[PDB]
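Peer 1: The structure that follows is given in the form of structure tokens.
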Amino acid sequence: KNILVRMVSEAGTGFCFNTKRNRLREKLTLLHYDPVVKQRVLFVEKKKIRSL
Amino acid sequence: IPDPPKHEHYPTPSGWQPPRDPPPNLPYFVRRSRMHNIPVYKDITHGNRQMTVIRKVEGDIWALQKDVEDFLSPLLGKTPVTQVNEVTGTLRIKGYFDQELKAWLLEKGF
Amino acid sequence: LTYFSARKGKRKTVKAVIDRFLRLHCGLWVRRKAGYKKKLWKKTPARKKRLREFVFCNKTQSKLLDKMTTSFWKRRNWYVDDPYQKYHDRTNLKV
Amino acid sequence: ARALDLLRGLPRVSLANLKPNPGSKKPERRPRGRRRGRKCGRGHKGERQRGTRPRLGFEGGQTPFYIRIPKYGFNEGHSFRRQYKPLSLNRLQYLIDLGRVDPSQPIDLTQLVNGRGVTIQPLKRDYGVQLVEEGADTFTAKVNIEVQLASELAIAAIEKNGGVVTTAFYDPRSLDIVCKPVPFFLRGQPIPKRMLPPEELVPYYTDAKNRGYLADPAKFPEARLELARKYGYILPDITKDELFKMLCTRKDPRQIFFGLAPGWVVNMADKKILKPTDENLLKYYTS
Amino acid sequence: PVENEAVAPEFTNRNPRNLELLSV
Amino acid sequence: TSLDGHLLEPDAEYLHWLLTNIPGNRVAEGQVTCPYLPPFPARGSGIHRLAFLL
Amino acid sequence: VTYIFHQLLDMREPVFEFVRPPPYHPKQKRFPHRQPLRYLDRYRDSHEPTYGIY
Amino acid sequence: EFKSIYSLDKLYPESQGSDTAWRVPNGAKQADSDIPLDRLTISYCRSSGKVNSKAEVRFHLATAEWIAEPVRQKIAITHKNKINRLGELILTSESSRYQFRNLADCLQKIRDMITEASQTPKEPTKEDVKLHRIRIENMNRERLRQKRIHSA
RNA sequence: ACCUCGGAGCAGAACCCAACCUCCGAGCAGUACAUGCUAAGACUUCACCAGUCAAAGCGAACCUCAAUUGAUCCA
Ligand SMILES: [Mg+2]
Ligand SMILES: [Mg+2]
Ligand SMILES: [Mg+2]
Ligand SMILES: [Mg+2]
Ligand SMILES: [Mg+2]
Ligand SMILES: [Mg+2]
Ligand SMILES: [Mg+2]
């Protein structure tokens with residue numbers, strides 16, 4: 001049903017998190033907080049390591 | 001260990017004072033240690049018992065006991081429960097009383 | 001824990017206690033909550049923060065960890081850059 | 001006193017009236033009779049009486065407390081860390097006032113061991129004795145001291161009266177040599193040379209603000225003036241003092257002593273010191 | 001000494017419109 | 001008078017301006033009995049107040 | 001207020017500060033069961049490494 | 001007497017004098033930002049034992065010769081709450097239990113105050129936590145003005 | 001016949017209490033990732049391992065349901 005993916009940031013590489021996503025949809029491009037920048041940058045879905 | 005040199009100001013820093021010369025006509029006497037320090041230490045038995053022990057007591061122990069009792073009476077309001085040990089020169093006093101006894105023995109003449 | 005060995009006849013320790021705990025000179029053992037690095041996607045951030053805290057042990061646990069060790073692990077170390085140096089001595093204690 | 005007056009009489013004190021102090025010798029308990037009999041203080045039957053008990057920590061199949069907790073880098077490499085015994089300026093002033101530390105000679109490690117102010121253990125991974133600025137106020141000594149680790153406040157307080165702080169490093173062999181030199185002389189081996197500091201201590205021992213023994217002497221007055229401007233007080237000049245030649249004892253490295261030299265065999269019996277000759281030995285000892 | 005220096009270490013205020021004016 | 005400003009007695013207060021025998025609207029013909037004094041609130045104190053009692 | 005206290009009362013200007021009571025902390029036990037590492041810093045006097053006989 | 005390859009003189013040939021490490025550079029470090037200690041009155045009137053020491057230092061700001069006129073006027077205007085009745089600048093600190101650390105903190109405070117009083121083009125950080133209500137009250141007090149003439 | 005957990009009466013008005021006593025279920029979900037970082041004080045399934053609420057600050061525009069789950073080692 002669902003799937004767990006990891007989002008990689010565009011600015012300040014090194015900080016990534018995990019979030020749920022549907023399996024029959026496309027990728028994700030949300031706005032997540034980055035502690036090294038203290039602002040809001042873009043995150044791209046990359047490399048899935050879970051199939052729940 | 002050599003004897004400490006005679007300083008110019010006897011109020012020598014870091015808390016140290018040498019005993020004077022023919023000290024006073026008292027029935028009891030308090031000696032020194034190897035490092036020329038005042039024999040006033042602390043001791044604990046279990047985890048809550050607190051007392052101080054004067055390990056160098058020579059002379060009449062009852063006189064020194066009465067003196068320290070009269071000295072600590074206004075500081076506590078009651079009678080300090082002490083142990084008059086005669087076989088050894090010890091005098092246990094219940095409660096944390098280290099610097100006070102040190103200052104009293106330094107100002108008395110020991 | 002082998003109270004008497006066959007060569008030296010001394011007391012042996014458990015290396016798991018040393019690798020999983022940290023004894024302070026005051027008499028406290030610093031441990032770590034289990035499960036602080038596994039399955040972090042279904043836990044609230046409050047639980048994630050609570051699991052990442054140096055939690056102290058109890059009385060029987062500290063006594064067991066002391067009995068499992070010898071007199072070498074109950075000394076006082078003076079490291080140059082010890083982040084737990086201020087936790088060795090415990091002040092303001094009234095029975 | 002009254003003790004001798006009471007001991008003047010009474011029979012003699014021989015091996016017939018040896019009375020131990022009450023409270024020290026407790027009677028031995030024997031599990032025989034009715035009070036300590038029947039089960040001999042073992043309770044009911046089972047593993048508590050047969051003696052076949054599991055080891056300390058086993059909870060009967062249940063996972064113990066010291067196992068369910070994962071491992072963490074608490075004591076990873078404790079057997080390789082550098083430990084330094086503390087040393088406050090208050091205790092130093094106390095030792096100087098008592099006379100165990102004479103402020104007329106340069107103080108290093110052997111002087112502190114002879115004065116018995118600090119206990120330097122050759123083992124347990126100890127690379128010397130550090131310095132503590134706990135006794136900053138009411139500190140009037142004015143004497144050079146060689147400390148392995150000295151903080152900024154301690155160096156400033158020492159330089160206020162007119163002291164010299166020398167930061168040096170020594171290998172554990174040099175520590176064992178400088179702690180007890182009498183067994184080192186009774187050993188029969190020549191005096192080795194000092195070892196260079198490790199890779200993680202070169203910028204610390206070659207810095208000017210740390211008063212290292214390998215830094216250039218051209219940046220010391222600048223650091224002293226900076227410390228005087230920071231912590232206040234007018235910085236006095238030691239070039240006009242009568243003990244100028246005593247404070248200039250910077251202790252050249254590859255010596256691990258003072259007035260001797262590496263490779264000089266010291267013999268206690270028959271006060272004679274032998275000098276190594278040849279050229280290879282001198283080239284190795286002066287390298 | 002000046003007799004007008006009677007300040008006392010503790011000073012009270014008898015105004016209800018005071019604590020909310022200082023955001024306290 | 002100032003309800004808040006007395007440093008000594010907490011229940012009491014100070015006096016600033018006081019007049020007497022004012023011929024109706026003539027507030028400049030009556031006799032004087034207390035010189036005017038501007039308020040002097042403390043630094044760390046709160047918000048003082050002064051009321052005009054007529 | 002400074003000029004008033006200077007050239008009108010012949011005294012010094014008193015200062016104050018809105019102080020607050022200290023925070024409440026329970027009695028420090030010997031074995032703090034299930035407490036963070038910062039439990040010892042709650043009862044610590046000064047945040048500096050103190051040294052006794054050393 | 002003894003010297004090896006790693007000696008102090010061989011590693012630094014330019015520094016070989018016997019007093020090159022003790023020569024006080026007083027002739028090349030006597031600027032106006034040194035703060036003279038002879039005109040400062042530093043006193044300690046607290047010995048707590050909450051172990052914290054107090055180091056109070058005061059000096060007549062109106063008679064300071066090491067400070068220029070405009071910077072002195074600016075630091076007296078912007079810091080008119082710490083000036084005593086006799087023109088004494090009372091500055092104290094309560095951080096560490098040692099007197100040396102408190103004295104160094106007071107010196108650093110004096111230095112930063114001096115270096116910020118001279119720099120007039122300073123961008124003020126707009127805060128909104130305690131001055132907003134003050135500005136609102138000032139605007140509301142200024143708004144209620146609609147007469148024609150008043151002197152005094 | 002069952003192996004974990006929650007609810008309804010036994011257990012009635014602070015709390016705890018079992019049965020091979022009688023019934024509903026759960027191994028998830030419909031929408032934004034500040035579902036960021038620190039830090040006083042408490043409850044705690046009758047021990048421990050575990051779980052939960054939150055003062056305040058820096059940072060930002062002005063979270064719903066009842067159980068809803070997995071530790072040591074290792075990779
Ligand atoms: Mg004892
Ligand atoms: Mg039987
Ligand atoms: Mg049985
Ligand atoms: Mg068996
Ligand atoms: Mg099992
Ligand atoms: Mg409980
Ligand atoms: Mg909040």
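As shown in the structure tokens, the chain order sets the letters A, B, ...; within each chain, residues go from 1, and ligands are also counted from 1 in the order they appear.
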Can I get the residues close to ligand 1 as a count of residues only, where close means within 10 Å and we count only C-alpha atoms (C1' of nucleotides) and all ligand atoms?
Peer 2: 5
Peer 1: Residues at most 10 Å from residue 52 (chain F), counting only C-alpha atoms (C1' of nucleotides), excluding those fewer than 6 positions away in the same chain, as a PyMOL selection string?
Peer 2: chain F and resi 1-2+17-18
Peer 1: Residues near region 55-65 of chain I, anyone? I mean within 8 Å using only C-alpha atoms (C1' of nucleotides), not counting same-chain ones fewer than 3 positions away, as a PDB file with C-alpha atoms (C1' of nucleotides), in the first residue's frame.
Peer 2:
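selection_16.pdb, freshly written:
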```
ATOM      1  CA  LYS A  38      18.080  27.268   9.109  1.00  0.00           C
TER       2      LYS A  38
ATOM      3  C1'   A I  34       8.941  23.577  12.095  1.00  0.00           C
ATOM      4  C1'   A I  39      14.947  22.745  28.720  1.00  0.00           C
ATOM      5  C1'   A I  40      11.659  23.219  35.108  1.00  0.00           C
ATOM      6  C1'   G I  41       8.042  19.753  36.888  1.00  0.00           C
TER       7        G I  41
END
```
Peer 1: Give as a list in words the residues surrounding ligand 3 up to a distance of 8 Å, considering only C-alpha atoms (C1' of nucleotides) and all ligand atoms.
Peer 2: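 Counting only what the definition allows, namely only C-alpha atoms (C1' of nucleotides) and all ligand atoms, the set is residues 44, 45 and 46 of chain D.
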Peer 1: List the neighbours of region 31-38 of chain G out to 7 Å using only C-alpha atoms (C1' of nucleotides); skip same-chain residues closer than 6 positions along the sequence, and give me the result as a PyMOL selection string.
Peer 2: chain C and resi 53-59
Peer 1: Hey, can you spit out that residue selection with N, CA and C atoms as a PDB file, in the first residue's frame?
Peer 2:
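Everything below was put into selection.pdb:
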```pdb
ATOM      1  N   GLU C  53      18.857  10.368  25.508  1.00  0.00           N
ATOM      2  CA  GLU C  53      19.255  11.046  26.732  1.00  0.00           C
ATOM      3  C   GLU C  53      20.008  10.076  27.630  1.00  0.00           C
ATOM      4  N   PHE C  54      21.059  10.573  28.277  1.00  0.00           N
ATOM      5  CA  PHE C  54      21.853   9.765  29.199  1.00  0.00           C
ATOM      6  C   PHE C  54      21.058   9.561  30.482  1.00  0.00           C
ATOM      7  N   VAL C  55      20.453   8.385  30.620  1.00  0.00           N
ATOM      8  CA  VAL C  55      19.612   8.051  31.764  1.00  0.00           C
ATOM      9  C   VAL C  55      20.450   7.306  32.793  1.00  0.00           C
ATOM     10  N   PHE C  56      20.256   7.642  34.065  1.00  0.00           N
ATOM     11  CA  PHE C  56      20.956   6.956  35.139  1.00  0.00           C
ATOM     12  C   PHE C  56      20.237   5.660  35.506  1.00  0.00           C
ATOM     13  N   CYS C  57      20.941   4.810  36.245  1.00  0.00           N
ATOM     14  CA  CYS C  57      20.413   3.518  36.661  1.00  0.00           C
ATOM     15  C   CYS C  57      19.689   3.680  38.000  1.00  0.00           C
ATOM     16  N   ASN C  58      19.444   2.573  38.699  1.00  0.00           N
ATOM     17  CA  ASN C  58      18.763   2.557  39.980  1.00  0.00           C
ATOM     18  C   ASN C  58      19.761   2.143  41.067  1.00  0.00           C
ATOM     19  N   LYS C  59      19.260   1.574  42.163  1.00  0.00           N
ATOM     20  CA  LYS C  59      20.109   1.127  43.260  1.00  0.00           C
ATOM     21  C   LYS C  59      20.593  -0.306  43.059  1.00  0.00           C
TER      22      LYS C  59
END
```
Peer 1: Using only C-alpha atoms (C1' of nucleotides), which residues sit within 7 Å of region 106-111 of chain H once same-chain residues fewer than 5 positions away are excluded, as a ChimeraX atom specification?
Peer 2: /H:91-93
Peer 1: Which polymer residues have any atom within 10 Å of an atom of residue 18 (chain C), counting only C-alpha atoms (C1' of nucleotides), with same-chain residues fewer than 6 positions away left out, as a PyMOL selection string?
Peer 2: (chain C and resi 65+68-69+73) or (chain D and resi 66+71-76)
Peer 1: Taking only C-alpha atoms (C1' of nucleotides) and all ligand atoms into account, report as a CSV table (one decimal) with N, CA and C atoms, in the first residue's frame which residues have an atom no farther than 12 Å from an atom of ligand 2.
Peer 2:
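The resulting selection-v9.csv:
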```csv
chain,number,residue,atom,x,y,z
D,38,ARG,N,19.4,-27.0,62.6
D,38,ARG,CA,18.4,-27.5,61.7
D,38,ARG,C,18.8,-27.3,60.2
D,39,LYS,N,18.7,-26.1,59.7
D,39,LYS,CA,19.1,-25.8,58.3
D,39,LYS,C,20.4,-25.1,58.2
D,40,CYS,N,21.0,-24.7,59.3
D,40,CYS,CA,22.3,-24.0,59.3
D,40,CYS,C,22.2,-22.6,58.6
D,42,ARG,N,20.1,-21.7,56.0
D,42,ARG,CA,20.0,-21.8,54.5
D,42,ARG,C,18.6,-21.8,54.0
D,43,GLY,N,17.6,-21.7,54.8
D,43,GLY,CA,16.2,-21.6,54.4
D,43,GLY,C,15.7,-23.0,54.0
D,44,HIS,N,14.8,-23.0,53.1
D,44,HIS,CA,14.2,-24.3,52.6
D,44,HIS,C,15.1,-25.0,51.6
D,45,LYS,N,14.6,-26.1,51.1
D,45,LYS,CA,15.3,-26.9,50.2
D,45,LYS,C,15.3,-26.3,48.8
D,46,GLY,N,16.1,-26.9,47.8
D,46,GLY,CA,16.1,-26.4,46.5
D,46,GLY,C,17.5,-25.9,46.1
D,47,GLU,N,17.6,-25.0,45.1
D,47,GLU,CA,18.9,-24.4,44.8
D,47,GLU,C,19.5,-23.5,45.8
D,48,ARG,N,18.6,-22.9,46.7
D,48,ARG,CA,19.1,-22.0,47.7
D,48,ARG,C,19.8,-22.8,48.8
D,49,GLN,N,19.6,-24.1,48.9
D,49,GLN,CA,20.2,-24.9,49.9
D,49,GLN,C,21.3,-25.9,49.4
D,50,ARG,N,21.0,-26.4,48.2
D,50,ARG,CA,22.0,-27.3,47.5
D,50,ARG,C,23.2,-26.6,47.0
```
Peer 1: Set the cut-off to 12 Å, count only C-alpha atoms (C1' of nucleotides) and all ligand atoms, and list whatever residues fall near ligand 6 as a PyMOL selection string.
Peer 2: (chain G and resi 33-34) or (chain I and resi 43-48+50-51)
